[PDB]
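Beneath this line is the structure, given in structure tokens, with notes to follow.
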2 protein chains.
Amino acid sequence: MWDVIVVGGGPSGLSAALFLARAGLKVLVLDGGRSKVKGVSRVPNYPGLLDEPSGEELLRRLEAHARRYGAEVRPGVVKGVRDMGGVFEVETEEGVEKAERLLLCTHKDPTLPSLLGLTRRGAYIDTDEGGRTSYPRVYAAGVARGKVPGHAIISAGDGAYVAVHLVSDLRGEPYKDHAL
Amino acid sequence: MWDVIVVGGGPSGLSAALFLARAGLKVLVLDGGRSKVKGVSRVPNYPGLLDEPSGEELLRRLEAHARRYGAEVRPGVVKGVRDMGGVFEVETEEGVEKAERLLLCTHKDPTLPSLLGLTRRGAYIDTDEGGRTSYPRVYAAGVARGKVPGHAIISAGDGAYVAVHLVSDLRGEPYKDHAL
Ligand SMILES: Cc1cc2nc3c(=O)[nH]c(=O)nc-3n(C[C@H](O)[C@H](O)[C@H](O)COP(=O)(O)OP(=O)(O)OC[C@H]3O[C@@H](n4cnc5c(N)ncnc54)[C@H](O)[C@@H]3O)c2cc1C
Ligand SMILES: Cc1cc2nc3c(=O)[nH]c(=O)nc-3n(C[C@H](O)[C@H](O)[C@H](O)COP(=O)(O)OP(=O)(O)OC[C@H]3O[C@@H](n4cnc5c(N)ncnc54)[C@H](O)[C@@H]3O)c2cc1C
């Protein structure tokens with residue numbers, strides 16, 4: 001059982017996981033391993049990452065960062081999603097995981113949104129400003145919701161943005177993850 | 001003498017500057033030095049920066065990243081902005097700086113939006129999906145256009161997103177900064 005299952009382990013999904021975990025939520029990231037930044041030998045435009053590491057290295061750091069605060073990240077290709085009336089049952093080849101909320105950071109892959117019959121905006125998932133889809137308790141971020149042309153920092157930022165509003169919705173008040 | 005003048009040198013402005021500069025544009029960032037993240041002793045939630053640097057250090061790294069690819073970043077408070085000869089004239093300590101486009105990454109400060117008569121949306125500047133304001137060739141990003149609750153990665157991502165669409169507008173074609 002999880003508070004939130006994030007489908008997609010690219011920049012948007014891993015960034016969302018970091019924020020959700022820091023908000024005290026039990027979060028699991030299920031990733032199919034096809035992030036578009038994976039083959040990049042050097043990412044020179046992720047503001048602040050001055051060593052301009054490879055896409056694989058970027059993803060490794062993002063995963064490490066999310067785990068540092070409690071997030072779980074596991075390889076997995078979701079092939080099914082069932083609304084059980086209170087919780088979503090997400091199925092991969094390994095089995096099933098349950099969560100009250102879903103956050104789709106699946107790039108352009110229509111698999112997830114089609115299983116849920118989500119309303120679309122062009123070839124992407126339709127959402128309101130904060131990332132809420134047509135289906136209650138289902139959110140979307142990054143390229144999945146039209147933040148294109150896609151870029152790593154754009155997706156990472158949107159993943160955090162949608163996560164922050166998911167937390168705000170859950171808590172019943174504005175959520176800010178600010179340090180001193 | 002500038003393709004774009006970015007007002008505000010916080011995460012959104014510096015991220016936008018990095019992308020604009022990498023697009024080959026002449027970009028100038030004028031910053032008042034009041035970034036909200038500057039006082040943080042340790043930023044623990046900027047996806048990927050595992051060393052969790054102070055807000056001051058983060059800003060220095062973002063500035064370095066933008067300068068690395070050609071952006072000029074300097075202290076300065078923008079108070080006067082006129083539209084003449086098809087370009088925006090900005091008064092500065094070094095004389096008038098002219099630009100074809102203006103990008104406001106000024107957080108919640110309503111001073112410039114009010115002077116320019118920009119259409120508002122709540123406590124922020126109204127924009128379309130890509131960051132275009134009600135004033136042609138004037139864009140906005142980050143907290144300035146309502147990406148709140150504000151966070152460094154959220155503003156950095158939005159700055160890049162708006163910059164990418166600004167370049168797309170300038171070139172008349174979807175722009176992408178991807179490694180080959
Ligand atoms: C050749 C190329 C070069 C690029 N170079 C750059 C560059 O230099 N700089 C830059 O900033 N951007 C670059 N990009 C773009 C960048 O990689 C993307 O913008 C970024 O990866 C988008 O992040 P995202 O989280 O939205 O999606 P992605 O990182 O693509 O992640 C989507 C994830 O969801 C998973 N997923 C989808 N469906 C399922 C499912 N059913 N079950 C489980 N998991 C699923 C995928 O396997 C994947 O890991 C490049 C892209 C390409 C194609
Ligand atoms: C106490 C505190 C703690 C925080 N801790 C965190 C944290 O741990 N993690 C996190 O992710 N976020 C944190 N934040 C929020 C984070 O700092 C903001 O989300 C981020 O700085 C927003 O970036 P921005 O680019 O939108 O605006 P800002 O960084 O606020 O930058 C706006 C910039 O524009 C300049 N400017 C405005 N008007 C003008 C003008 N007329 N001429 C020239 N320059 C102008 C300002 O001087 C400023 O430098 C914190 C905020 C506060 C207040």
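Counting starts at 1 for both ligands and their atoms, following the listed order. Order of the sequence lines sets the chain letters (A, B, ...), proteins ahead of strands, with each chain counted from 1. Only this structure's heavy atoms are used, side chains among them; waters, hydrogens and symmetry mates stay out.
If you check which protein heavy atom lies closest to atom 38 (N) of ligand 1, you get A/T106 CG2, 3.6 Å. In terms of protein heavy-atom proximity, atom 49 (O) of ligand 1 is closest to A/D31 OD1, 2.4 Å. Nearest protein heavy-atom neighbour of atom 13 (C) of ligand 2: A/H178 CD2, 3.4 Å. For atom 9 (N) of ligand 2, the closest non-hydrogen atom of the protein is B/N45 OD1, 2.9 Å. Looking only at heavy atoms of the protein, atom 47 (O) of ligand 1 is closest to A/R34 N, 2.9 Å. Taking atom 31 (O) of ligand 1 as the reference point, the nearest protein heavy-atom neighbour is A/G10 CA, 3.7 Å. Of the protein's heavy atoms, A/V78 N, 2.9 Å lies nearest to atom 42 (N) of ligand 1. Nearest non-hydrogen protein atom to atom 27 (O) of ligand 1 is A/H107 CD2, 3.7 Å. For atom 34 (O) of ligand 1, the closest heavy atom belonging to the protein is A/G8 CA, 3.1 Å. Ranking the protein heavy atoms by distance from atom 52 (C) of ligand 1 puts A/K36 O, 3.8 Å first. If you check which protein heavy atom lies closest to atom 44 (N) of ligand 2, you get B/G32 N, 2.9 Å.
If you check the side chains of A/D169 and A/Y139, you find a donor sitting under 3.5 Å from an acceptor. Checking B/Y161 against A/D158 by side-chain atom types alone, no donor-acceptor pair falls below 3.5 Å.
Closest approach of A/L58 to A/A152, counting heavy atoms only: CD2-CB, 4.0 Å. Residues A/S134 and A/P136 come closest through the heavy atom pair O-CD, 3.7 Å.
Atoms of ligand 1 found under 4.0 Å from any heavy atom of A/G76, numbered from 1 in the order shown, are 42 (N), 43 (C), 44 (N). The contact set between ligand 1 and A/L112, taken as ligand atoms under 4.0 Å from a residue heavy atom, comprises 40 (C), 41 (N). Every atom of ligand 1 is numbered from 1 in the order shown, and the set under 4.0 Å from a heavy atom of A/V40 is 3 (C), 4 (C), 5 (N). Set against the non-hydrogen atoms of B/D177, the atoms of ligand 1 under 4.0 Å away are 7 (C), 8 (O), 9 (N). Atoms of ligand 1 found under 4.0 Å from any heavy atom of A/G33 (numbered from 1 in listed order, with element): 47 (O). Of all atoms in ligand 1, numbered sequentially from 1 with element shown, those under 4.0 Å from a heavy atom of A/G150 are 15 (C), 19 (O). Near B/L30, with a cut-off below 4.0 Å to any heavy atom, the atoms of ligand 2 are 43 (C), 44 (N). Which parts of ligand 1 touch A/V37 is read off a 4.0 Å heavy-atom cut-off, strictly below it: atoms 17 (O), 21 (O).
A donor-acceptor pair is defined here as one N or O able to donate and one able to accept, closer than 3.5 Å; no such pair exists between the side chain of A/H151 and the backbone of B/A160. The main-chain N or O of B/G142 is never found under 3.5 Å from a side-chain atom of B/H107 such that the two would form a donor-acceptor pair. In this structure, B/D3 contributes its side chain and B/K26 its backbone to a donor-acceptor pair below 3.5 Å.
Nearest residue to atom 40 (C) of ligand 2 from B/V90, B/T111, B/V7 is B/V7 (criterion: closest heavy atom). The option with the heavy atom closest to atom 10 (C) of ligand 2, from among B/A152, B/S155, A/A179, is B/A152. In the candidate list B/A141, B/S35, B/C105, B/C105 is nearest to atom 32 (C) of ligand 2, counting heavy atoms.
Under a hydrophobic clustering in which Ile, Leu, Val, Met, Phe, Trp and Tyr are joined whenever their side-chain heavy atoms come within less than 4.5 Å, directly or via other members, B/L20 and A/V43 fall into the same cluster.
The residues B/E63 and B/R74 are annotated as not salt-bridged, no charged nitrogen and carboxylate oxygen being separated by less than 4.0 angstrom. A salt bridge is defined here as a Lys NZ or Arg NE, NH1 or NH2 lying under 4.0 Å from an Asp or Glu carboxylate O, and B/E91 with B/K79 fails to meet this definition.
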Step by step, work out the side-chain contact (heavy atoms from CB on, under 4.5 Å) result for B/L116 and B/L102. CA-CA 11 Å; B/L116 296 173; B/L102 186 65; 4.3 Å; yes
Could you go through A/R145 and A/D126, starting from their C-alpha distance and side-chain angles, then the distance that decides it, and tell me whether this counts as salt bridge (charged side-chain N to carboxylate O under 4.0 Å, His left out)? CA-CA 6 Å; A/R145 74 161 178 155; A/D126 183 52; over 6 Å; no
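Close N/O approach between A/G142 and ligand 1 is not found [any backbone or side-chain N/O within under 3.5 Å]. Between A/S12 and ligand 1, at least one N/O pair is under 3.5 Å apart. Annotation: A/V77 places no N or O atom under 3.5 Å from an N or O atom of ligand 1; distance criterion only.
Distance check: B/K38 NZ to B/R60 CZ gives 9.5 Å after rounding to the nearest 0.5 Å.
At a 4.0 Å heavy-atom cut-off, ligand 1 does not touch A/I154 at all.
Taking 4.5 Å as the limit, every side-chain heavy atom of A/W2 sits out of range of all side-chain heavy atoms of A/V27. Counting heavy atoms from C-beta outward, B/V143 and B/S155 have side chains that approach closer than 4.5 Å.
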